[PDB]
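With the entry's author numbering as the guide, the letters of the sequence shown map in order to residues 26 to 144.
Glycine residues also receive a C-beta, built at the ideal position from the N, C-alpha and C atoms.
Take a look at the structure below.
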Amino acid sequence: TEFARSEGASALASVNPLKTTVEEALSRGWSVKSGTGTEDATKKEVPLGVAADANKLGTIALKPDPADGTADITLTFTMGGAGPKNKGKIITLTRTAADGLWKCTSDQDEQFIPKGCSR
């Protein structure tokens, strides 16, 4: 009776908004850094603004950290808090630096991969 479908939707919903945060920083020539805090005008780094553990289904991570837009960026949701079907699975949002485009890939069982995401 585990909520495997809604778990995937909830995980994606915790990282999808961060794409906007990333694009806004890069549009100013600022970097993004993980975690919460204030914009650092010394290093020109914008925090993502979300705690790593905001969603108790798992953890949010940024690579590279910090990220300046000159290399591929990933936002991951690692589902360590999920039920048995999704525990240990990871949803990855990748921004390719060569084109500025985003894709969503997941290593979940294909039954549970959210809309817009591929293997």
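Beta-carbon proximity of residue i to residue j, cut-off 7 angstroms
i: residue 154; j: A29; result: Only positions 26 to 144 of the chain appear in this structure, which leaves residue 154 out of reach.
i: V57; j: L118; result: no
i: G106; j: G83; result: yes
i: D97; j: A122; result: yes
i: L87; j: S52; result: no
i: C129; j: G113; result: no
Residue i classed as buried or exposed, judged by whether at least 16 other C-beta atoms fall within 10 angstroms
i: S143; result: exposed
i: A34; result: exposed
i: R120; result: buried
i: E70; result: buried
i: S131; result: buried
As assigned by DSSP and simplified to three states, the class of residue i
i: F137; result: helix
i: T46; result: helix
i: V75; result: coil
i: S59; result: coil
i: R144; result: coil
i: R53; result: coil
i: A122; result: coil
i: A92; result: strand
Alpha carbon of residue i to alpha carbon of residue j, nearest angstrom
i: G62; j: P89; result: 18 angstroms
i: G74; j: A66; result: 16 angstroms
i: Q133; j: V47; result: 25 angstroms
i: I138; j: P91; result: 28 angstroms
i: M104; j: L43; result: 17 angstroms
i: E49; j: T95; result: 15 angstroms
i: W127; j: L37; result: 13 angstroms
i: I115; j: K68; result: 31 angstroms
i: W55; j: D78; result: 25 angstroms
i: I85; j: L100; result: 7 angstroms
i: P72; j: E64; result: 6 angstroms
beta-carbon residue i near the ligand GDP non-hydrogen atom, thresh 6 angstroms
i: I115; result: Of ligands this structure carries none, so the ligand GDP is not represented either.
For residue j and residue i, believed in contact at Cβ under 8 angstroms, the rounded distance
i: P109; j: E27; result: 6 angstroms
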